[PDB]
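Chain letters run A, B, ... following the sequence lines, proteins first and then strands; every chain starts at 1.
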2 protein chains.
Amino acid sequence: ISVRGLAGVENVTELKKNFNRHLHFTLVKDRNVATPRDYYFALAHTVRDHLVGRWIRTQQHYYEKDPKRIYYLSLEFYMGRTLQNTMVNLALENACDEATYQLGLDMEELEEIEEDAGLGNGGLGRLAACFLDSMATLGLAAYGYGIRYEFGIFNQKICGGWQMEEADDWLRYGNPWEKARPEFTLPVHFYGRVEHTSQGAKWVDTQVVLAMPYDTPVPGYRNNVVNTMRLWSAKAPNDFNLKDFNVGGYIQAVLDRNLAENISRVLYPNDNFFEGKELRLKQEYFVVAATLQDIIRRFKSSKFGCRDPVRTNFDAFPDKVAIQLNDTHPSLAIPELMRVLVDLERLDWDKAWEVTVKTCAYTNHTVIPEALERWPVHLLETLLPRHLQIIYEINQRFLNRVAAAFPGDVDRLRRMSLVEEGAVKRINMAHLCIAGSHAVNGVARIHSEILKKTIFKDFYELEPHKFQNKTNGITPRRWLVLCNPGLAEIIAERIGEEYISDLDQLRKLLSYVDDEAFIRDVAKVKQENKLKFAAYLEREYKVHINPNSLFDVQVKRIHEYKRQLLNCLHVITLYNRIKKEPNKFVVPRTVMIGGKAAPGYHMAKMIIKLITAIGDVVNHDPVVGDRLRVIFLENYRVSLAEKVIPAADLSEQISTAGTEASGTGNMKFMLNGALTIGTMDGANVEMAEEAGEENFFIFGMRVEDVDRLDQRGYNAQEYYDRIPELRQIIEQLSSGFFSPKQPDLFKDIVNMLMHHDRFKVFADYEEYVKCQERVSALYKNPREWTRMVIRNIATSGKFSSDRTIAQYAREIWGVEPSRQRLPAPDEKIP
Amino acid sequence: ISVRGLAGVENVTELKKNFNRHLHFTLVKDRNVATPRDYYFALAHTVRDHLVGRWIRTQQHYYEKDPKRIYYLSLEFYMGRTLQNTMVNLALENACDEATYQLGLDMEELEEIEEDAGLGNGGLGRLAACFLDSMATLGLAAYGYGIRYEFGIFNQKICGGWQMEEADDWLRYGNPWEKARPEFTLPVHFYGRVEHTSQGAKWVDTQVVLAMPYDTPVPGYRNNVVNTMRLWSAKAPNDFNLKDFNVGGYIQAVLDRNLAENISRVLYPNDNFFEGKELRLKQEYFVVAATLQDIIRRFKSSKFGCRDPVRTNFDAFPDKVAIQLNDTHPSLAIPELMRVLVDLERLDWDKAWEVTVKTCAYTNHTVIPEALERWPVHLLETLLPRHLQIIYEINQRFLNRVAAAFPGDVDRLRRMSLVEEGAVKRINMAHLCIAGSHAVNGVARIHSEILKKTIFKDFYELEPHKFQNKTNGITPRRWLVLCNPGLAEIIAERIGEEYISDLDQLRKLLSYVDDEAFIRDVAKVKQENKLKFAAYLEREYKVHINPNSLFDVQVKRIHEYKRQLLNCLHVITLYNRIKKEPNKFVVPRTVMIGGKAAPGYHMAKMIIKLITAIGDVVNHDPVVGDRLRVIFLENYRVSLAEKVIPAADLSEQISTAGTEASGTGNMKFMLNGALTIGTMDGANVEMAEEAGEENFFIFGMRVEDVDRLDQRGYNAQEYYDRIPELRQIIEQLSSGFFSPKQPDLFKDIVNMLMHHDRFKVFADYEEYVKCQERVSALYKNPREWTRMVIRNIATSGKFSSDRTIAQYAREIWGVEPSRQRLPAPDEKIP
Ligand SMILES: O=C1N[C@@]2(O[C@H](CO)[C@@H](O)[C@H](O)[C@H]2O)C(=O)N1O
Ligand SMILES: O=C1N[C@@]2(O[C@H](CO)[C@@H](O)[C@H](O)[C@H]2O)C(=O)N1O
Ligand SMILES: *Cc1c(COP(=O)(O)O)cnc(C)c1O
Ligand SMILES: *Cc1c(COP(=O)(O)O)cnc(C)c1O
């Protein structure tokens, strides 16, 4: 059937009875009233059963051996569905497929019922998920720590061409994967004030919110290792949240508990944008405060909570603990770690600081200013008074270090301050992370360099040793084996299976680049993938597409810097050219654009309306026929990504050079047999460098060109004046060609494009369509297109998160990865 | 060990492995980190396993045979713990005891970990629970329908002698008994307006709240029948509760979902008191609207949703459905049933009314005015506009019936109206229930008569056939076998086990009234029970009592009509007499008073402070010694009741004649070997009538005496003037003898007692202490005290809820009870 494992005689039989056990005893249903949803759950529970055994021994193991522990703090974990992934990592896919078949059910139909764990916005959240999978696969004693939002990223609905947001009640029917651990609930404080008494400061008169942990298992790939992802939930204490007496109402007191519990209610839907709301800050401290207590508790036990030097010496803390900050969201972990060490454990400042810096590491994910976290002091002042005092003290000492290194450099001092003066004083979380971490890293080579040359230049001059790079990657398991079993099979037919946990081995495929059979096969799976997607489209969304056309897709969050608008201009151009010479042949294309716009991002929501507007015109023009279709992919999410990417021919990664930190969707497309048209931005540079620029469609300004243009000054009018095709499009928008009933509907877009384009869309227009012509040319030559594909796929190895994690492990955490199978799952009950 | 069933070889082995299965796979724990709470859950899950098989066949059975269905609507279901009760009804107690013993655990210690299902205030809620157990035991196709509050009755804490309320988070660690059924979620409407168009009225522009059902199994006693208790939970729709666009904030929209979900958040803590809050009304319509849709759906399927006359003829509705209204809380079911039938199904008014009246039955639970539900019209007008129109129409037609029966009786007309004029117009829910039901019943003979003679006299004259009586009862399973296995064993040793489901058989114990062995045994278990309780007291609450003294206990909600105050006066009297003649012998007593006071009931909270105040003085007077102890039983609840009642010697049921509808605690004490001192009120009358007045300690005014006194006019001063002992107590309170630091602390109590005692406490004082002397006299003669006990126990049979339910079944529902064992639980998987 494929290499989804063995469909053993004994195990298929075993699976079936357990499926029935759960349908009866767990779901309390009988075959006569069970619905597909019930069947999905019976299975989920049956599969979940197979990894609890391993989960328990893994955790027990780490307790015995006591290795250095890795704590990945992130406010986002974009997990997606987990049924299939679990079957794959446990080599259960074929057995389950067989068993469910014998039970008369279609496993695939059941998998579609699982809701997505959308506790993330996009790239940042998904990276965290891929990392977790890789850390488990590499045998690291790692724990993912986050917030268990009851409402993840909103579900996107397109009404009249507009995006409509609606709550994502992913827990409505329950989550068979998590395990509530109410017995490990911890308290978290807010507000209050600071008392300075005799021997130390005291954080007093605080409001308490409880943090209840929920554990979700993270299985490594076929190595019997199952790590843990701990998500915190906010719960109100039953005392003060009722006990603070003297009139108000008993009923009201109980109803008001949903005020402390609102902390973990919903994820903020912003991608690459900072919103200074109190609720957000509360979420940030919540996950940090709770997690740290859990980290220290585990440390106090270790082998110190037995003997060792005997005396809670936190000197070995950094030798046993490593906490990675996914962006600045969990930045409060630094001043919080100090608070505990200094205020509670009573360590001297300097000893505490040394420990803190040695255990903390920060990862930066963007360079755009509006995404940078700068919290107003009055907020920190009210909500976390002691933390503010600690930050000021950290700042004081840090600046003193600077002054001593650059005597007289007074401007440098204000520039590096963690505190920003002005309208309102703010705290620059990024400066905080750099100062309190022993390593700061970028997510792509170019991005990392930009940090050193630009944004954090002063910091780099002060401590050049801190700065590193760790190019992002993706998991070959979910992003290849899971979503594209067809391609994975033919690859395995030639080079084996060892590449799933050693993607570098894909290079061996280079020697089949001229293989007639392979070329035919690679081309076959892609054709099958396009047919399956074209079907899914009519199934769930309804209104036909042509599977023979070039599948041109751009899927990622909607942003001005991602330039979906640039993609739009090309589409309209294609349309106009066809309308000019109707009977001229052109390579058919189905351009698919999908992504979510943050609710408050007006421009982004305007662009979505534009895309659908274009499709309304283009898709109903009889002269165009099936040569050009414009489709907006609704509710783009992980599960949807697993469907389009494998069916894509052309991957669009066209951000303005220097704005996309790295990108990961690009990597997903490269590994699944799609060719990339893009700019020298983020990881695109390393991808082309890996596959050879001849096998990539690069175009547009490089970073330097962008800067040159900024010195000069960007004037869009020039481009409007010198390019008729471009002018023609702008006037079409301006006159309502795409919005008849509302002629001025797109005035904001035009106005912006002509007068305030921060991302110079026009500057890359010419080189973009020219480049687009080159890909159409190559598509006309199937054999050569496929050979170029084989060059990309065979060379994507470097982009596996296993590589990235191995680097973090060695160069930052100080731990050695291991592909050693944990001693089976075997029963055991001590 | 006892008759808690057989500890079979095969089953104890089977139990143990399943216990382990759950500890591992369900709880995801290993023996090395498992805590008592974990062990309790492993067991709970293991036990729950044994009744899902029976649960499924029971429900399937009712689907095949299609009998008349009984729907018990109540806003309260005071369930308590359910582990032990389930073991008892399934004959699993000894096997589980053995198995857990072999696993090295103390079952009793684990049972104490289970949280109480406190979804009730007191008597009314507990009755519902006992009924459910009896309906299952009698093989009725009955369903308990209610609200799944996430916060039940508050947990009571005594701080400085005062009651402190704190949220009862009973779901904190989960509820292993319930089964969420999100797939059966129903919509419920609120607000909106009424459109009258061509063919009918339409309820429009309503706000929607979803109702999610949760099923809890209700096992009959050893008959393999497992009925269902369906509790609704409020859930917000994800559309409009987000989709009603045009600014407000996406985050705020999501946080605001906890506004529609507040409906099922908390139970109103009022007992015998009406609070006209909108939230309460919302809870009432919520449970009614959801339940009815479920009732009709089930009906539409029946055997009509196949063939029959073919044409949704609701003529057979009453032959297939019976809905019992537990008090007026679910009264909206009447106008709602009409709404559906008339508005949606399109039946003519008269046909709809005939059906409604024929399927609805109302049970009244109190006669005090402040407990009567009278909803302001402006509230119904805003929240349920169509229902108001229906009520007015029901009223119109009803009054027309009255006018026709009593021509010219204009005062009768305004008296019987469902609508009450005055300050604000109100709707008398009680009048509504009488008019729309085919039967109205009281809960005790005297209470039922009072309804006919007083409160509902006019209604009785109009339709004398509607009025009946159904004396309350309690379940012998939980209230005897479960809480007093010792007494149950010795009874079974002589007369067998058939009495557990046929309590009348207890009469056979009369012939052992002179049996020397029995007398010794009955006396022995009571001594063991008192020793166990005296221990529990020092264990969990700490501060000693004497197990040789008379256990004088009064446990029930705190009310002015229950007269805990009268009990207080006696206690102080005993104290004063001892202080007068220290070296005179008196029968030692431990008087225990416990109960919860509604948060807003100032007087009730004042009485609690008084009780503790008395104990502070009495319990620390060296001259008193161990002859007199005053203890306030904290957080009285079902689980606590199961501990005190079996250890009680004297049961206090001293309400003012005519105020306690029936009472059930009284019955609990009678069946557990305690003697009763009380007034001729509620079921007390029937109890003494059953055991013979010579075996009861009756005292005080009868109902007639109370009325005579009211004609005359009640003046407390008289009693104050003629009784020195009484005067002495009042002046002690007035001068701060019991409240040194705050001398005027009890001025409200004294003031009330002297000037506004609605329950004439003073009027029964003399006869009460005199009577109390008689019980002390009898306690001095162990042999005779025990013989009188045997007379009570042997004669309590009539007070089993099996008797009550059998009467409801035959005289109201039109169904025949059956003690037929359902065809085993045996596997089966069709
Ligand atoms: O704030 C960010 N930064 C992002 O991080 C991702 C993972 O590092 C990068 O691949 C992406 O290029 C960057 O924009 C991202 O997707 N979001 O939301
Ligand atoms: O409103 C009432 N009515 C009550 O109903 C119980 C069950 O019918 C009766 O036994 C009790 O006497 C009556 O007060 C009760 O306990 N509450 O709260
Ligand atoms: C991988 C992924 C992303 C990131 O895409 P980029 O192209 O790097 O912005 C965002 N959303 C989903 C659902 C993804 O799977
Ligand atoms: C039985 C019971 C009641 C009712 O007691 P009465 O004496 O009838 O008022 C109230 N609370 C609990 C916990 C009970 O078990």
Side-chain angles (χ1 to χ4, degrees), chain A residues 27-29 33 35 37-38 166-167 169 171-174, chain B residues 59 63 69 71-75 77 119 143-150 178-192 202-216 228-243 257-265 279 281-302 305 312 314 317 320-321 323 325 329-345 359 383-384 386-387:
Chain A
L27 269 22
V28 197
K29 291 264 171 143
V33 264
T35 65
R37 172 159 285 101
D38 297 314
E166 107 185 352
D169 202 347
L171 297 169
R172 183 172 50 259
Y173 294 81
Chain B
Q59 293 313 308
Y63 173 70
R69 261 93 156 183
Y71 294 108
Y72 198 80
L73 278 68
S74 163
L75 253 81
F77 284 99
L119 310 187
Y143 306 78
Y145 270 93
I147 293 196
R148 179 182 178 275
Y149 305 104
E150 43 188 277
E178 70 190 9
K179 179 67 226 279
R181 295 290 207 214
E183 63 265 30
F184 304 123
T185 291
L186 262 13
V188 162
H189 305 264
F190 291 98
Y191 307 100
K202 276 190 339 273
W203 192 6
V204 116
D205 306 344
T206 67
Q207 166 194 120
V208 171
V209 178
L210 305 180
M212 171 169 297
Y214 281 76
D215 294 350
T216 293
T228 295
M229 167 173 75
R230 178 157 280 178
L231 262 26
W232 301 104
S233 208
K235 248 266 215 225
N238 70 310
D239 78 311
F240 259 122
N241 232 92
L242 215 309
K243 121 140 132 117
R257 287 168 63 90
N258 298 304
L259 239 69
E261 297 177 0
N262 270 347
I263 283 162
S264 60
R265 188 102 38 211
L279 189 50
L281 186 52
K282 267 164 174 193
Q283 293 188 330
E284 282 176 2
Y285 183 58
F286 178 70
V287 70
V288 159
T291 300
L292 269 163
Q293 292 181 59
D294 227 23
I295 286 168
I296 283 159
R297 164 183 66 68
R298 223 176 252 117
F299 172 68
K300 293 210 160 169
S301 304
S302 249
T312 329
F314 279 86
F317 193 71
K320 291 302 197 46
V321 180
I323 115 116
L325 277 20
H329 311 153
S331 73
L332 283 168
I334 287 150
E336 165 76 5
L337 184 41
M338 282 295 283
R339 189 184 69 79
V340 171
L341 293 183
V342 166
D343 293 350
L344 312 192
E345 303 291 334
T359 115
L383 198 67
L384 308 159
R386 172 97 256 247
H387 289 73

Report task. Can you see which heavy atom on A/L27 is nearest to which on B/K179, and at what distance? Result -> O-NZ, 3.0 Å

Query - B/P182 versus A/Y173, closest heavy-atom pair with distance - result: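 That would be CG-CD2, 3.6 Å.
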
Partners passing side chain to side chain donor-acceptor pair (under 3.5 Å) against [X] (at least two apart in sequence or in another chain):
X      : answer
A/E166 : A/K157, B/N238
B/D343 : B/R386
B/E183 : A/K29

Output all residues satisfying side chain to side chain contact (heavy atoms under 4.5 Å, CB included) with [X], sequence neighbours left out; order by chain, then residue number.
X      : result
B/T291 : B/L73, B/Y145, B/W232, B/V287, B/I295
B/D215 : B/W55, B/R181, B/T228, B/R230
B/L279 : A/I251, A/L255, B/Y268
B/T312 : B/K300, B/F314

Requested in this report: Please report the C-alpha distance between B/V340 and B/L292 in whole Å, then the side-chain angles of each, then the deciding distance to 0.1 Å, and finally whether the side-chain contact (heavy atoms from CB on, under 4.5 Å) criterion is met.
Outcome: CA-CA 9 Å; B/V340 171; B/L292 269 163; 5.8 Å; no

Gap between atom [atom2] of [Y] and atom [atom1] of [X] - 0.5 Å precision:
X      : Y      : atom1 : atom2 : value
B/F77  : B/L231 : CZ    : CG    : 7.0 Å
B/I147 : B/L119 : CD1   : CG    : 10.0 Å
B/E178 : B/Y214 : CD    : OH    : 6.0 Å

Query raised in the report: Run the side-chain contact (heavy atoms from CB on, under 4.5 Å) check on B/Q293 and B/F184 step by step: do they pass?
Result: CA-CA 11 Å; B/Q293 292 181 59; B/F184 304 123; over 6 Å; no

Query raised in the report: Quick one: ring pair (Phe, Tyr, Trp, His ring centres under 6.0 Å) partners of B/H387, sequence neighbours excluded?
Result: B/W203, B/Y285

Which residues share a salt bridge (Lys or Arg N to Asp or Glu O under 4.0 Å) with [X], sequence neighbours left out:
X      : result
B/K243 : none
A/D169 : B/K235, B/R257
B/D239 : none
B/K320 : B/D66

Requested in this report: Give the C-alpha distance, both sets of side-chain angles, the deciding distance and a yes or no for side-chain contact (heavy atoms from CB on, under 4.5 Å) between B/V188 and B/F190.
Outcome: CA-CA 7 Å; B/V188 162; B/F190 291 98; 3.4 Å; yes

Query raised in the report: Quick one: are B/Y149 and B/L75 in side-chain contact, heavy atoms under 4.5 Å?
Result: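 Yes, their side chains come closer than 4.5 Å.
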
Query raised in the report: For B/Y71, is the NZ or CZ atom of B/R298 found under 6.0 angstrom from the centre of its six-membered ring and inside 45 degrees of the ring axis?
Result: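 Ring-cation test returns no.
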
Requested in this report: In sequence, state the C-alpha distance, the side-chain angles, and the governing distance for B/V321 and B/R69, and then conclude on side-chain contact (heavy atoms from CB on, under 4.5 Å).
Outcome: CA-CA 5 Å; B/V321 180; B/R69 261 93 156 183; 5.5 Å; no

Requested in this report: Evaluate whether atom OH of B/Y63 has more than 12 neighbouring non-hydrogen atoms of other residues, nucleotides or ligands under 6.0 angstrom away.
Outcome: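 12 or below, so no.
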
